[PDB]
Every structure is written in structure tokens, then in C-alpha cells.
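Both ligands and their constituent atoms are indexed starting at 1 by order of listing. All values below come from the heavy atoms of this structure, side chains included, with hydrogens, waters and symmetry mates left out. If you read the sequence from its start, that first residue is 1, and numbering goes on from there.
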Amino acid sequence: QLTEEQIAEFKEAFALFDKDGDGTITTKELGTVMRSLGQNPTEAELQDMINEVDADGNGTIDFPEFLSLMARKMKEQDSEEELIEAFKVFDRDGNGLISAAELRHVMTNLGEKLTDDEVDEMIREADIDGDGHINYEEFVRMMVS
Ligand SMILES: [Ca+2]
Ligand SMILES: [Ca+2]
Ligand SMILES: [Ca+2]
Ligand SMILES: [Ca+2]
Ligand SMILES: [Ca+2]
């Protein structure tokens, strides 16, 4: 499941939070890590963050809990990065929007020679804000559906 080196890496990450090395991250120690990086969440906000990760409902995060989450997160990241890469290719001019001209061009490079009507239908179907283009959120919402 994990190598010793992965474990060690994860333990080093856990230690950043576990300011006192007691084997748990509290809402308070989370507050320290958030603050050091420029956020100042309320105790209510910290409690939600801990509650979302705290499996045994004991109020703090232990290493198996942290390890479990970071496996989740690292999957999510590999999913996301792929969606983002693909979007950026589709958006040839980098402007955050995939125009129909871009979509047609890249489809031609993917083996499909489409008409303007066909590509306009693809865009209509997926467009949410009405602008006749596809932004990242729109792009993701279609891809994962
Ligand atoms: Ca601690
Ligand atoms: Ca806040
Ligand atoms: Ca716990
Ligand atoms: Ca574009
Ligand atoms: Ca749009």
C-alpha cells in the first residue's frame, strides 16, 4: 500500500501540524498552520475542517486519519491535474475560454473533422453561462458527467 519512504514523508507532513508531537492535530494546531500561511479561520471554521477528517469522532486528527485523507487528496490531485492539462491544450490562446474555433481545431487534431454546426452543438450542450464558449468549470462539469 505504501513504502517506508512514503510513510516517512507523510509523517514529516503530519509533524508540521502536530506542534507538540502528541500524536494528534487539534483545531488549535491547525489554526497555527493556517495562520502562518496567511489565513485566520474562526474556531468554527477549524472545527469543520477537523470534523471532515476525524473518523473516530474524538475531536483530533491522528496519523491513520491524516494518512487516509492524504491518500484521498493525492487521488483528487491526479484527477484534477489531468482535467487542467486537457483544458489548457484545448484553450489555444490561453485566455481561459475555449472558443468554437479552438474546439474545432483541436478536434481536427484528435481525428474528427467537424462542421461549425457540430461544434456549436457541443458548446451549447455544455455551456452554462451562455457565452458560447467553454470555461474550466463548464469543461469539468461536462467531463465528469
Ligand atoms: Ca498535537
Ligand atoms: Ca473566515
Ligand atoms: Ca480522531
Ligand atoms: Ca481561448
Ligand atoms: Ca460558457
Side-chain angles (χ1 to χ4, degrees), residues 2 4-74 76 79-145:
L2 300 171
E4 289 199 321
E5 169 68 28
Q6 293 177 283
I7 284 172
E9 292 171 357
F10 290 136
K11 286 184 169 191
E12 287 167 304
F14 185 87
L16 175 64
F17 292 91
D18 185 13
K19 293 311 193 183
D20 73 350
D22 84 325
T24 74
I25 304 163
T26 63
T27 50
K28 281 308 192 72
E29 286 169 330
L30 180 55
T32 309
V33 172
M34 304 303 289
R35 291 184 286 271
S36 69
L37 294 172
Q39 301 194 26
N40 293 73
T42 61
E43 179 68 14
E45 293 176 320
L46 290 162
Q47 190 60 54
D48 279 339
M49 293 175 76
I50 294 286
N51 288 352
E52 294 275 4
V53 171
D54 175 30
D56 69 356
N58 81 340
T60 66
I61 305 170
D62 73 12
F63 188 59
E65 295 171 335
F66 186 89
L67 280 178
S68 176
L69 156 72
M70 298 286 143
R72 161 214 171 184
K73 287 296 179 184
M74 93 200 212
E76 172 199 41
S79 168
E80 192 181 353
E81 176 61 32
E82 292 267 295
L83 282 159
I84 292 172
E85 288 170 346
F87 183 85
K88 281 170 178 183
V89 169
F90 271 82
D91 175 18
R92 307 179 73 217
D93 83 336
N95 81 333
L97 291 180
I98 302 159
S99 74
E102 287 169 339
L103 184 57
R104 186 157 54 84
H105 172 78
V106 176
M107 294 302 303
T108 312
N109 278 344
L110 300 180
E112 290 284 14
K113 192 66 179 55
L114 304 178
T115 70
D116 296 328
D117 280 350
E118 289 172 323
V119 172
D120 288 351
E121 179 176 318
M122 292 176 67
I123 290 175
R124 287 201 305 283
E125 183 188 38
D127 189 18
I128 302 173
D129 68 8
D131 72 359
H133 300 64
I134 295 300
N135 73 15
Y136 180 69
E137 180 179 327
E138 296 173 321
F139 177 82
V140 170
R141 284 169 67 168
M142 179 55 87
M143 289 299 93
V144 307
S145 75

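The Ca ion (ligand 4) has an N, O or S atom of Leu97 closer than 3.0 Å. Under 3.0 Å from the Ca ion (ligand 1) lies no N/O/S atom of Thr26, from backbone or side chain alike.
Residues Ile25 and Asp62 have side chains not in contact (no heavy-atom distance under 4.5 Å, counting atoms from C-beta outward). Counting heavy atoms from C-beta on, the side chains of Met34 and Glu45 never come closer than 4.5 Å. Within the 4.5 Å cutoff, the side chain of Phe17 has no heavy atoms near those of the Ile61 side chain. With a 4.5 Å cut-off on side-chain heavy atoms, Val33 and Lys19 count as touching. Side-chain contact check for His133 versus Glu138: every heavy-atom pair is 4.5 Å or farther apart.
The nearest N/O/S atom of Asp22 to the Ca ion (ligand 1) is OD1. Per residue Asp20, closest N, O or S atom to the Ca ion (ligand 1): atom name OD1. The Ca ion (ligand 4) is closest to atom OD1 of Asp93 (considering only N, O or S atoms). Among heteroatoms of the N, O or S kind in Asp18, OD1 lies nearest the Ca ion (ligand 1).
Expressed to the nearest 10°, the angle at the Ca ion (ligand 4) joining OD1 in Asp91 with OD1 in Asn95 is 90°.
Checked against a 6.0 Å centroid threshold, the rings of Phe139 and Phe90 count as neighbours.
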